[PDB]
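Enquirer: For reference, the structure I am asking about is given below.
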4 protein chains.
Amino acid sequence: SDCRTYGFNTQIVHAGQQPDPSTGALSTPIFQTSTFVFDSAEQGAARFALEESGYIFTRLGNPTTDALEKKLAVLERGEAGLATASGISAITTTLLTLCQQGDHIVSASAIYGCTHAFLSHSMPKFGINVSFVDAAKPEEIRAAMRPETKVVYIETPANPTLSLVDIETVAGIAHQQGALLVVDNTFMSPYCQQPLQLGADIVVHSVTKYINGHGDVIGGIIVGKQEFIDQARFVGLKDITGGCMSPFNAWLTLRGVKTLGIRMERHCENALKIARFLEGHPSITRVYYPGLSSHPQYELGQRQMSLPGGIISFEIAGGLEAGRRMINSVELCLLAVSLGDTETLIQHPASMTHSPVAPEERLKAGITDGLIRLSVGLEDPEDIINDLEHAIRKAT
Amino acid sequence: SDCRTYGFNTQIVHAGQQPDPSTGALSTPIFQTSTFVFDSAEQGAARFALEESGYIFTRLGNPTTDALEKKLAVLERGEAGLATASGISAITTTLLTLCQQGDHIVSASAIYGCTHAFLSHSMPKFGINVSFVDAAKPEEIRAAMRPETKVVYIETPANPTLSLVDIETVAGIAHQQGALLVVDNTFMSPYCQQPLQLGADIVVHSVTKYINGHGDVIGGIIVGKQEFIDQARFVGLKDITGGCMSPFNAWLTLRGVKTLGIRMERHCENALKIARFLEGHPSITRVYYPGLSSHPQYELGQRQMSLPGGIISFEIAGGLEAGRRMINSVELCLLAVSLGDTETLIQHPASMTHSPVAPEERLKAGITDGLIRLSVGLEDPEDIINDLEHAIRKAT
Amino acid sequence: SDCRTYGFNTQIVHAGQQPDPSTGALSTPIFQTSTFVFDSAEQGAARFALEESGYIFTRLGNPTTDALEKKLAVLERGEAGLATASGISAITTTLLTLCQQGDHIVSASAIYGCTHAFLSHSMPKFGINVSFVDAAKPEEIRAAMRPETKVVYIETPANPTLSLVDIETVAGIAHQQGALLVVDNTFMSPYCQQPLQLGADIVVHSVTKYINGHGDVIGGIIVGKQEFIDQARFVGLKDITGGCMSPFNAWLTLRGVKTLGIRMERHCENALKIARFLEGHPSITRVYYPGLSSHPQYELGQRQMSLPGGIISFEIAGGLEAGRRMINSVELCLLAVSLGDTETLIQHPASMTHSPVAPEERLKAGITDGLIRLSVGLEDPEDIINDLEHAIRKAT
Amino acid sequence: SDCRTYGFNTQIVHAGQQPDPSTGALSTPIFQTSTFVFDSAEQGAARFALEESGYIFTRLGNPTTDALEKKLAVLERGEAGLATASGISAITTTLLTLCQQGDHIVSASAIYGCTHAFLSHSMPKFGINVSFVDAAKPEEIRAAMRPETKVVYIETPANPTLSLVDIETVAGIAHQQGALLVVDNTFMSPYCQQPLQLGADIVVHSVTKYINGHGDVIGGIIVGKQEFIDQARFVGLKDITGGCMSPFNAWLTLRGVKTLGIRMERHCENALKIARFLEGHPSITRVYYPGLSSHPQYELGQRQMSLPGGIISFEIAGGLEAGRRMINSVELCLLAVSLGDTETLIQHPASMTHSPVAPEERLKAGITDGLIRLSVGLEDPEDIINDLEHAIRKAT
């Protein structure tokens with residue numbers, strides 16, 4: 001049929017893929033090649049004028065990476081996809097394709113840090129100005145728009161305390177004033193949230209996280225309309241960042257994404273159990289998780305997301321020293337700064353990533369001294385709860 | 001000892017590599033990982049302040065890719081290396097790290113086309129102006145410099161007719177006026193030409209070509225001083241292009257580069273034989289190759305390069321139709337647009353890549369109707385000559 | 001702690017694995033090496049006398065493949081593991097290590113065909129005789145034992161009609177007469193059945209099927225006591241079959257097995273729904289599935305297996321021509337002879353694999369003209385049922 | 001044309017390979033798949049009766065590994081090839097396919113040790129007897145043949161002292177009495193020696209050594225007539241050893257073998273220089289190398305081999321303690337037991353591999369206390385000579 005017609009789990013498995021026409025191989029072959037041969041001089045010009053269907057060099061396009069791009073276009077309900085070297089490269093290829101000297105961007109403040117440096121330092125050095133706002137208050141977005149504004153940029157849920165942004169409302173706003181809305185959907189995956197279906201124009205992900213899911217690939221993807229994707233490919237990728245994905249990396253992420261549905265169901269079932277345990281514990285002051293009915297935006301969460309996610313933040317009694325003790329006493333959870341792997345990962349920003357930042361500066365950035373972030377994996381939830389209970393008790 | 005002390009062939013083999021300290025594995029392991037675990041909260045902050053020796057996430061750095069970077073630093077005689085997703089990404093990470101709105105660049109006109117689009121369209125859209133000149137005349141370089149000029153950019157040899165640029169003379173010029181010189185050494189590899197030893201500040205390569213050598217990796221490398229490489233890594237890569245190399249790609253290129261010396265000796269021995277054959281053939285009007293004593297810059301070539309290279313251009317009698325016939329009649333050489341593989345590759349720009357460009361426009365770009373470009377491989381030179389003789393005879 | 005202490009899902013994730021001691025890499029590195037270097041002459045003899053802990057050459061042992069072997073030892077509750085090139089190599093390395101000229105084997109008749117050729121042709125040519133029996137009747141096993149009998153060999157469930165063998169009862173029998181029991185657990189995986197816990201001495205699997213799960217690796221594993229595994233390694237592998245697993249293949253199977261629990265739960269949930277649909281359909285004469293209470297050995301199944309599996313056989317009304325029509329009319333299920341992949345696979349032995357065998361010969365081998373075998377995947381069960389209903393209706 | 005018509009270097013590059021018909025990809029794709037899909041029930045039976053051209057499962061055959069097999073068939077001038085998991089598996093698949101209970105084998109004594117255990121212990125346990133002789137004296141081969149003799153087995157050159165066997169003379173002998181001759185050509189590669197052209201029936205190699213050449217693959221190949229290769233595939237591989245090669249391993253060895261000609265020329269040029277240096281050194285008692293005119297079989301070497309190889313053995317003054325000191329004092333050569341890598345490898349059997357064997361037993365096995373074996377790599381020969389001179393001087 002057409003893969004766009006089956007159920008969502010059937011699409012995760014089949015979309016963008018078929019048996020190799022030449023041999024019947026069921027697995028997508030790894031086309032680990034730099035160049036592609038023509039059968040005549042005429043076929044050579046046909047392709048080079050983009051008139052012919054074909055490949056020319058991998059930096060431009062490849063059969064392996066084309067399969068991954070078509071799969072993720074189906075899952076997010078967009079026209080076309082484009083793969084990239086990193087999550088960062090997906091966001092920069094995007095915004096450097098759209099913007100030029102004299103343009104303006106409105107951005108959420110609560111976004112990924114490497115993204116925050118690109119927007120606050122690199123963009124202004126090329127003539128592109130950025131205003132940062134609290135995107136949980138849609139009126140702040142409206143008040144910062146200018147006649148020069150080309151793009152509005154948001155993430156949801158947002159780190160470190162998992163606050164939300166009302167995608168449908170923000171899209172309407174940006175579009176009223178002739179801007180595009182760009183959403184980073186890395187935290188949720190297309191299994192749990194679909195920003196294009198709520199009005200967004202372009203969606204980006206680090207596949208490094210849940211879409212791959214196995215902790216062994218650095219990569220990104222951009223999904224949107226065909227006429228935007230063509231410019232992102234033939235200008236942004238080709239003539240600006242040079243951030244292409246390797247064919248082996250595309251094959252590993254096609255392999256990881258086959259299990260996306262069954263991994264997201266288990267991540268989210270395990271995280272709800274662990275968040276209820278932490279909510280009842282007398283040494284934990286706060287628990288930030290969208291699935292708990294005390295979250296300040298619980299009802300928006302219930303309309304916009306099909307599940308509440310695999311990430312939890314929480315605050316331990318006793319501040320900086322207590323969080324340092326808790327982290328040093330886990331024996332099953334692993335200390336690391338990534339997320340979305342099959343193993344449970346834990347980190348304590350105040351004593352780890354943000355140790356050089358000044359207390360009152362982190363504080364205005366949402367990061368208290370006792371805040372711990374947990375990426376819940378696929379282990380038995382009992383075992384994770386037991387490791388947490390033991391480390392909390394010691395710490396406190 | 002110190003790898004910087006052995007002969008050049010010994011360095012190609014050993015530099016940047018050692019047996020795995022943990023197991024004795026002779027091959028560099030493939031660290032195909034997205035993240036790295038800390039043993040305590042304290043080790044986590046140590047590394048994050050860059051105080052500690054270690055890895056954090058692969059986008060930033062990885063043990064596999066660190067080996068490739070250290071090897072190529074040794075071979076070019078530079079302080080440090082930085083690997084990247086493509087040849088394009090090496091050049092863009094470089095120039096976007098150095099330049100900002102209001103700066104100026106002086107560039108050769110005879111450069112790789114994707115590089116020509118980045119410089120003529122993308123840079124001016126960010127506030128960075130570029131002047132193009134004929135770099136074989138060092139006076140044109142001098143006359144275009146301005147008080148705003150940060151960088152001079154050259155390739156040598158240059159495509160499509162293999163003209164040269166006097167690296168030592170151009171370095172002196174740029175430095176007199178306080179600019180940096182950036183050289184693309186893709187065509188020669190560090191086995192045949194060493195731009196840092198002649199005065200250049202930074203060297204870039206597509207490893208896609210000879211450094212890998214096997215037609216199965218898209219990649220780049222930048223070599224320079226440690227204080228420039230640190231900024232290219234922690235700002236250009238991390239916060240601008242996001243163009244990191246995958247660890248599998250770094251491992252394949254470490255494997256390919258082991259044979260660089262013996263491949264470059266054979267490429268260059270085969271190309272001199274084939275260029276002498278073509279020079280004596282009555283249906284060939286011109287032969288462009290640095291090893292023929294009739295090349296207009298033969299003596300500069302003899303001082304700056306240790307061998308004359310594996311690439312040849314040549315013009316066939318009868319213009320456009322004759323070149324189309326010749327290309328369609330080879331049976332051993334393959335039609336393709338890359339170079340530096342183990343197989344011999346042939347292309348005819350006028351009927352292939354540049355068919356949509358207007359005759360008189362290509363002409364001013366050095367490309368006549370009869371020009372063919374040949375990348376000589378590792379086959380028996382007799383067999384390649386026989387395939388050429390047969391196709392020329394038919395065509396003409 | 002000790003991985004042998006956590007819950008089963010925690011073990012699937014963590015057992016046999018840890019962060020790389022040298023770098024902190026979370027993913028097991030790929031040690032794609034043929035040899036290992038010594039630091040002195042003395043360390044060289046230490047290892048060669050097996051006194052020292054270390055590696056020597058990969059055919060013998062490797063850090064990547066050692067991780068997979070230790071994981072699967074934990075999951076089956078055995079002392080040690082040994083990886084191999086194929087499912088076949090696991091069974092042959094096993095039985096050629098145990099047996100010699102003049103020995104005897106008692107085997108089930110209902111086993112995998114390539115195994116049936118090794119036992120009926122290759123073994124007798126080396127002096128080793130084999131008696132085949134119906135292993136669902138434990139008295140037939142007892143009546144075939146001889147004073148020379150070293151090994152009893154069984155599979156359960158068994159193909160093509162999914163009959164069972166009572167592992168606990170057969171172990172007791174073999175042991176009473178001083179033989180070992182060897183069980184092929186390929187169909188169930190250690191998530192659903194644990195033969196060593198019921199009395200078996202040695203368990204073998206093709207990892208090609210569910211343990212890998214992704215249709216991209218050919219491989220096997222043998223699990224047992226350390227003193228048997230040492231002989232299988234240093235004699236059977238080293239001096240008889242030479243069937244070692246590559247380190248890349250071990251890394252892909254470690255990656256696939258991370259999801260084993262969540263894949264087996266979904267395979268088995270989807271297969272029960274599809275088997276109930278087929279049981280109610282008027283054009284299907286029989287349905288063979290252990291989860292249906294009409295299976296002749298339902299209660300044994302309920303004691304020995306934790307779930308009923310992802311495989312179903314069934315007979316369509318109208319014999320040979322009807323089965324050929326049904327197979328040619330599916331549009332989502334794929335025609336192929338493997339099983340345990342993420343995609344649903346279908347086959348019709350009478351018109352496909354066994355077309356050259358004589359009707360009455362196949363018949364005595366359990367294979368009727370209308371028998372179809374289905375390997376249920378991870379797609380939406382509604383979509384699979386709809387594709388079956390459509391193809392059955394046409395066929396019939 | 002037909003690849004069988006070009007020169008030898010052209011064949012190393014091109015034979016068995018072509019651009020992918022479906023996409024034009026120049027590199028052979030990696031078909032990393034376990035199964036292959038049929039388009040109808042009829043195509044399924046066609047292939048299963050071996051009537052149709054196609055693949056079924058990788059254990060049996062694969063497009064990647066088929067390319068490697070066809071290349072090596074061309075290079076050795078045989079009809080067909082068959083790839084395998086290890087060098088050992090190539091030899092065992094071979095001899096277990098040919099022989100059965102009651103048969104006899106005549107073998108050289110001076111062969112690889114793992115091969116010596118298979119022949120002296122495993123074969124007699126299956127009813128197959130073996131007589132060992134000194135194959136440098138063709139009369140000993142003749143005197144051991146019996147009416148039961150099916151196969152004669154030789155290696156040349158032979159380890160540890162590089163003595164030779166006259167292939168043409170031994171073939172004539174075996175054939176006079178109706179046996180097959182099987183030659184292990186691992187030490188030479190098909191670039192330097194071609195046993196099928198001198199009368200041998202079957203040739204085997206470990207590709208682990210020179211054919212791969214890069215120290216990162218364990219593998220083997222068997223080359224012979226099509227009717228022998230078919231039985232080795234459909235019976236020996238399928239029903240006896242199960243020793244198939246993975247498709248990634250076949251792709252790495254296709255990539256390594258592209259440089260075989262240029263690597264063997266440099267290995268052999270470097271080894272002749274190093275063997276002349278050692279021949280003139282007053283602390284070295286003997287030098288075994290086929291290229292020195294004092295080798296006892298120099299003239300046979302000059303007729304049978306096109307170059308003299310990359311391996312050297314030599315004896316240091318002072319016996320066991322002197323060899324232990326020399327090995328512990330090299331700083332560029334690496335201590336290891338493999339050979340044929342791009343790095344120079346050294347070993348001292350008496351203090352390393354054979355430390356547990358009794359002095360007088362090793363002695364009868366050709367191994368004196370002072371014997372060192374050197375595998376010469378691709379480094380600068382000056383650097384290797386300097387490292388040897390320094391270590392010899394200290395030792396002595």
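In the structure tokens, each chain is lettered A, B, ... as it comes, each chain's residues begin at 1, and ligands are numbered from 1 in order of appearance.
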From segment 136-174 of chain D, collect each residue whose DSSP state is alpha helix (DSSP H) and return the set as an MDAnalysis selection string.
Expert: chainID D and resid 138:144 167:174
Enquirer: Counting only C-alpha atoms, which residues of chain B sit at most 9 Å from some atom of chain C, and what is each one's closest atom pair with its distance in Å to one decimal, listed by chain and rising residue number, as JSON lines?
Expert:
```
{"residue": "B:19", "atom": "CA", "partner": "C:37", "partner_atom": "CA", "distance": 6.9}
{"residue": "B:20", "atom": "CA", "partner": "C:36", "partner_atom": "CA", "distance": 8.9}
{"residue": "B:21", "atom": "CA", "partner": "C:22", "partner_atom": "CA", "distance": 7.7}
{"residue": "B:22", "atom": "CA", "partner": "C:22", "partner_atom": "CA", "distance": 6.7}
{"residue": "B:23", "atom": "CA", "partner": "C:55", "partner_atom": "CA", "distance": 7.1}
{"residue": "B:24", "atom": "CA", "partner": "C:37", "partner_atom": "CA", "distance": 4.9}
{"residue": "B:25", "atom": "CA", "partner": "C:36", "partner_atom": "CA", "distance": 4.5}
{"residue": "B:26", "atom": "CA", "partner": "C:36", "partner_atom": "CA", "distance": 5.4}
{"residue": "B:27", "atom": "CA", "partner": "C:33", "partner_atom": "CA", "distance": 5.2}
{"residue": "B:28", "atom": "CA", "partner": "C:31", "partner_atom": "CA", "distance": 7.8}
{"residue": "B:29", "atom": "CA", "partner": "C:31", "partner_atom": "CA", "distance": 4.9}
{"residue": "B:30", "atom": "CA", "partner": "C:30", "partner_atom": "CA", "distance": 5.1}
{"residue": "B:31", "atom": "CA", "partner": "C:29", "partner_atom": "CA", "distance": 4.9}
{"residue": "B:32", "atom": "CA", "partner": "C:29", "partner_atom": "CA", "distance": 6.5}
{"residue": "B:33", "atom": "CA", "partner": "C:27", "partner_atom": "CA", "distance": 5.2}
{"residue": "B:34", "atom": "CA", "partner": "C:26", "partner_atom": "CA", "distance": 7.9}
{"residue": "B:35", "atom": "CA", "partner": "C:26", "partner_atom": "CA", "distance": 6.0}
{"residue": "B:36", "atom": "CA", "partner": "C:25", "partner_atom": "CA", "distance": 4.5}
{"residue": "B:37", "atom": "CA", "partner": "C:24", "partner_atom": "CA", "distance": 4.9}
{"residue": "B:38", "atom": "CA", "partner": "C:24", "partner_atom": "CA", "distance": 6.6}
{"residue": "B:39", "atom": "CA", "partner": "C:24", "partner_atom": "CA", "distance": 8.3}
{"residue": "B:54", "atom": "CA", "partner": "C:23", "partner_atom": "CA", "distance": 7.1}
{"residue": "B:55", "atom": "CA", "partner": "C:23", "partner_atom": "CA", "distance": 7.1}
{"residue": "B:56", "atom": "CA", "partner": "C:24", "partner_atom": "CA", "distance": 8.9}
{"residue": "B:63", "atom": "CA", "partner": "C:23", "partner_atom": "CA", "distance": 7.9}
```
Enquirer: Among segment 165-395 of chain A, which residues carry a DSSP assignment of strand (DSSP E or B), reported as JSON, numbers by chain?
Expert: {"A": [180, 181, 182, 183, 184, 202, 203, 204, 205, 206, 220, 221, 222, 223, 224, 284, 285, 286, 287, 288, 311, 312, 313, 314, 315, 316, 334, 335, 345, 346, 347, 371, 372, 373, 374, 375]}
Enquirer: With N, CA, C and O atoms retained, export the selected residues as a short mmCIF file (atom, residue, chain, number, x, y, z; two decimals), in the first residue's frame.
Expert:
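Output saved as part-v7.cif:
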```
data_model
loop_
_atom_site.label_atom_id
_atom_site.label_comp_id
_atom_site.auth_asym_id
_atom_site.auth_seq_id
_atom_site.Cartn_x
_atom_site.Cartn_y
_atom_site.Cartn_z
N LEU A 180 7.80 31.93 11.03
CA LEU A 180 7.78 30.49 11.19
C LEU A 180 8.00 30.08 12.62
O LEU A 180 8.69 30.80 13.37
N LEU A 181 7.35 28.97 13.03
CA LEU A 181 7.62 28.37 14.33
C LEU A 181 8.48 27.07 14.14
O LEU A 181 8.13 26.23 13.28
N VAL A 182 9.57 26.99 14.94
CA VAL A 182 10.54 25.86 14.93
C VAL A 182 10.52 25.27 16.32
O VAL A 182 10.72 26.00 17.36
N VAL A 183 10.19 23.96 16.38
CA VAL A 183 10.12 23.22 17.62
C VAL A 183 11.20 22.09 17.68
O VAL A 183 11.27 21.25 16.78
N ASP A 184 11.97 22.08 18.80
CA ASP A 184 12.82 20.97 19.18
C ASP A 184 12.00 19.93 19.96
O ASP A 184 11.62 20.13 21.12
N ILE A 202 8.42 23.62 11.27
CA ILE A 202 9.65 22.80 11.18
C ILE A 202 9.89 22.19 12.57
O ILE A 202 9.68 22.89 13.61
N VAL A 203 10.28 20.91 12.61
CA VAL A 203 10.63 20.19 13.83
C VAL A 203 12.09 19.70 13.69
O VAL A 203 12.48 19.25 12.59
N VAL A 204 12.86 19.81 14.79
CA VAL A 204 14.23 19.28 14.86
C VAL A 204 14.40 18.34 16.06
O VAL A 204 13.74 18.47 17.08
N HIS A 205 15.30 17.36 15.91
CA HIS A 205 15.68 16.45 16.98
C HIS A 205 17.20 16.19 17.00
O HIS A 205 17.81 16.11 15.95
N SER A 206 17.81 16.03 18.20
CA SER A 206 19.02 15.18 18.36
C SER A 206 18.56 13.69 18.34
O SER A 206 17.82 13.27 19.27
N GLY A 220 21.43 14.21 14.09
CA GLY A 220 20.23 14.99 14.13
C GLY A 220 19.35 14.79 12.87
O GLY A 220 19.74 14.12 11.92
N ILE A 221 18.13 15.33 12.93
CA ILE A 221 17.16 15.28 11.81
C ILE A 221 16.32 16.55 11.91
O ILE A 221 16.16 17.12 13.03
N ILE A 222 15.91 17.01 10.75
CA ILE A 222 15.09 18.18 10.53
C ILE A 222 13.96 17.62 9.66
O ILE A 222 14.25 16.86 8.73
N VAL A 223 12.71 17.94 10.01
CA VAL A 223 11.50 17.61 9.22
C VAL A 223 10.62 18.87 8.93
O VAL A 223 10.38 19.69 9.83
N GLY A 224 10.09 18.99 7.71
CA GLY A 224 9.33 20.13 7.28
C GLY A 224 8.75 19.92 5.85
O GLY A 224 8.79 18.80 5.26
N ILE A 284 12.74 14.29 50.09
CA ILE A 284 12.63 14.99 48.82
C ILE A 284 11.66 16.18 48.90
O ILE A 284 10.40 15.99 49.07
N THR A 285 12.19 17.41 48.75
CA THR A 285 11.33 18.60 48.79
C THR A 285 10.36 18.84 47.57
O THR A 285 9.20 19.25 47.79
N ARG A 286 10.81 18.53 46.34
CA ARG A 286 9.99 18.74 45.10
C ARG A 286 10.25 17.64 44.08
O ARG A 286 11.38 17.10 44.08
N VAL A 287 9.25 17.35 43.20
CA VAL A 287 9.37 16.37 42.11
C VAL A 287 8.74 17.02 40.90
O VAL A 287 7.59 17.41 40.97
N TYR A 288 9.54 17.23 39.84
CA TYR A 288 9.05 17.76 38.58
C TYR A 288 8.86 16.64 37.54
O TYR A 288 9.89 16.05 37.04
N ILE A 311 11.89 11.35 31.53
CA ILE A 311 12.73 12.23 32.35
C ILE A 311 12.02 12.76 33.63
O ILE A 311 10.84 13.18 33.55
N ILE A 312 12.78 12.78 34.76
CA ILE A 312 12.33 13.33 36.03
C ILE A 312 13.43 14.23 36.61
O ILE A 312 14.61 13.88 36.62
N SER A 313 13.05 15.41 37.11
CA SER A 313 13.89 16.19 38.01
C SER A 313 13.32 16.21 39.42
O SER A 313 12.13 16.03 39.63
N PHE A 314 14.21 16.39 40.40
CA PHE A 314 13.81 16.37 41.81
C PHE A 314 14.85 17.05 42.69
O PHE A 314 16.00 17.12 42.35
N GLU A 315 14.39 17.59 43.84
CA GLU A 315 15.24 18.32 44.75
C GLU A 315 15.40 17.55 46.05
O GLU A 315 14.39 17.14 46.68
N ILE A 316 16.63 17.36 46.46
CA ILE A 316 16.89 16.64 47.72
C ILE A 316 17.11 17.64 48.86
O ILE A 316 17.72 18.67 48.66
N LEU A 334 24.03 5.32 36.61
CA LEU A 334 25.37 5.78 36.18
C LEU A 334 25.45 7.30 36.07
O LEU A 334 24.49 7.93 35.58
N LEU A 335 26.57 7.89 36.51
CA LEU A 335 26.77 9.37 36.45
C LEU A 335 27.19 9.78 35.05
O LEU A 335 28.28 9.45 34.60
N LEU A 345 20.49 6.93 33.71
CA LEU A 345 21.56 7.97 33.92
C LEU A 345 21.13 9.09 34.91
O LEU A 345 19.98 9.47 34.95
N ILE A 346 22.06 9.52 35.79
CA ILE A 346 21.82 10.53 36.78
C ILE A 346 22.92 11.65 36.75
O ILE A 346 24.13 11.42 36.46
N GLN A 347 22.51 12.89 37.02
CA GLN A 347 23.43 14.01 37.14
C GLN A 347 22.97 15.08 38.13
O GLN A 347 21.78 15.17 38.47
N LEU A 371 19.06 20.31 43.14
CA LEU A 371 18.36 19.69 41.94
C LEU A 371 19.22 18.53 41.31
O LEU A 371 20.39 18.74 41.02
N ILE A 372 18.62 17.34 41.18
CA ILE A 372 19.17 16.15 40.51
C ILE A 372 18.29 15.88 39.24
O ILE A 372 17.07 16.06 39.32
N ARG A 373 18.86 15.49 38.09
CA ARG A 373 18.07 15.06 36.89
C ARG A 373 18.32 13.55 36.62
O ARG A 373 19.47 13.09 36.67
N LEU A 374 17.23 12.80 36.37
CA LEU A 374 17.27 11.37 36.20
C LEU A 374 16.66 11.03 34.79
O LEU A 374 15.64 11.57 34.39
N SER A 375 17.40 10.26 34.00
CA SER A 375 16.89 9.69 32.73
C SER A 375 16.59 8.23 33.00
O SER A 375 17.51 7.43 33.21
#
```
Enquirer: Any idea what's packed within 8 Å of residue 136 of chain B, counting only C-alpha atoms, ignoring anything in its chain fewer than 6 positions away? Could you give it as a PyMOL selection string?
Expert: chain B and resi 163-166
Enquirer: Filtering to C-alpha atoms, could you give me those residues as an mmCIF file, in the first residue's frame?
Expert:
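For reference, result26.cif as written:
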```
data_model
loop_
_atom_site.group_PDB
_atom_site.id
_atom_site.type_symbol
_atom_site.label_atom_id
_atom_site.label_comp_id
_atom_site.auth_asym_id
_atom_site.auth_seq_id
_atom_site.Cartn_x
_atom_site.Cartn_y
_atom_site.Cartn_z
ATOM 1 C CA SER B 163 48.129 25.795 -12.120
ATOM 2 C CA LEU B 164 50.222 26.492 -8.951
ATOM 3 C CA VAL B 165 50.424 29.082 -6.197
ATOM 4 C CA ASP B 166 53.753 30.063 -4.555
#
```
Enquirer: In Å, with one decimal, what is the gap from atom CA of residue 330 of chain C to atom CA of residue 390 of chain C?
Expert: 7.7 Å
Enquirer: What is the distance between atom CA of residue 68 of chain C and atom CA of residue 16 of chain C, in Å to one decimal?
Expert: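 According to the coordinates, atom CA of residue 68 of chain C and atom CA of residue 16 of chain C are separated by 6.7 Å.
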Enquirer: Compile the contact shell of residue 319 of chain D as a PyMOL selection string: residues with an atom at most 9 Å away, counting only C-alpha atoms, same-chain residues fewer than 4 positions apart removed.
Expert: chain D and resi 315+323-324+368-371
Enquirer: For the residues in the current selection, export N, CA and C atoms as a short mmCIF file (atom, residue, chain, number, x, y, z; two decimals), in the first residue's frame.
Expert:
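Listing of again_29.cif after writing:
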```cif
data_model
loop_
_atom_site.label_atom_id
_atom_site.label_comp_id
_atom_site.auth_asym_id
_atom_site.auth_seq_id
_atom_site.Cartn_x
_atom_site.Cartn_y
_atom_site.Cartn_z
N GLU D 315 69.01 -16.26 14.47
CA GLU D 315 69.48 -16.76 15.74
C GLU D 315 70.47 -15.79 16.36
N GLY D 323 68.06 -14.01 23.87
CA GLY D 323 66.86 -13.75 23.05
C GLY D 323 65.81 -13.01 23.90
N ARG D 324 65.69 -13.40 25.18
CA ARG D 324 64.82 -12.74 26.15
C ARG D 324 65.26 -11.27 26.32
N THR D 368 65.47 -23.45 18.11
CA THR D 368 66.55 -23.34 19.08
C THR D 368 66.26 -22.23 20.08
N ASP D 369 67.09 -22.20 21.12
CA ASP D 369 66.89 -21.26 22.22
C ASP D 369 67.07 -19.79 21.83
N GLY D 370 67.90 -19.56 20.83
CA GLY D 370 68.22 -18.20 20.35
C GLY D 370 67.39 -17.77 19.14
N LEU D 371 66.45 -18.61 18.67
CA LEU D 371 65.67 -18.26 17.42
C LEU D 371 64.61 -17.13 17.71
#
```
Enquirer: At a cut-off of 10 Å, using only C-alpha atoms, what residues contact residue 132 of chain B? Leave out same-chain residues fewer than 5 positions from it and give the result as a list in words.
Expert: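 Here the answer would be residues 105, 106, 107, 108, 109, 110, 116, 119, 120, 140, 141, 144 and 153 of chain B.
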Enquirer: May I have the residues within 10 Å of residue 138 of chain C as a compact mmCIF listing (two decimals) with N, CA and C atoms, in the first residue's frame, using only C-alpha atoms and disregarding those fewer than 5 positions away in the same chain?
Expert:
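The result, written out as selection_18.txt:
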```txt
# COMPACT_ATOMS: atom_id res chain seq x y z
N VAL C 133 13.96 -40.49 17.47
CA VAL C 133 12.76 -40.91 18.15
C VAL C 133 11.79 -39.75 18.25
N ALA C 143 13.98 -46.30 25.55
CA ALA C 143 14.15 -47.54 24.80
C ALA C 143 15.30 -47.49 23.81
N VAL C 165 8.47 -30.85 24.51
CA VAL C 165 9.21 -31.91 25.09
C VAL C 165 9.39 -31.54 26.55
N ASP C 166 9.17 -32.52 27.46
CA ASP C 166 9.18 -32.32 28.91
C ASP C 166 10.61 -32.36 29.40
N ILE C 167 11.22 -31.18 29.49
CA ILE C 167 12.67 -31.10 29.77
C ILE C 167 13.07 -31.78 31.08
N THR C 169 11.65 -34.20 32.83
CA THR C 169 11.52 -35.64 32.73
C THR C 169 12.64 -36.27 31.90
N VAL C 170 12.99 -35.65 30.77
CA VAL C 170 14.05 -36.17 29.89
C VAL C 170 15.41 -36.04 30.56
N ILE C 173 15.87 -39.04 33.03
CA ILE C 173 16.19 -40.19 32.21
C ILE C 173 17.62 -40.30 31.69
```
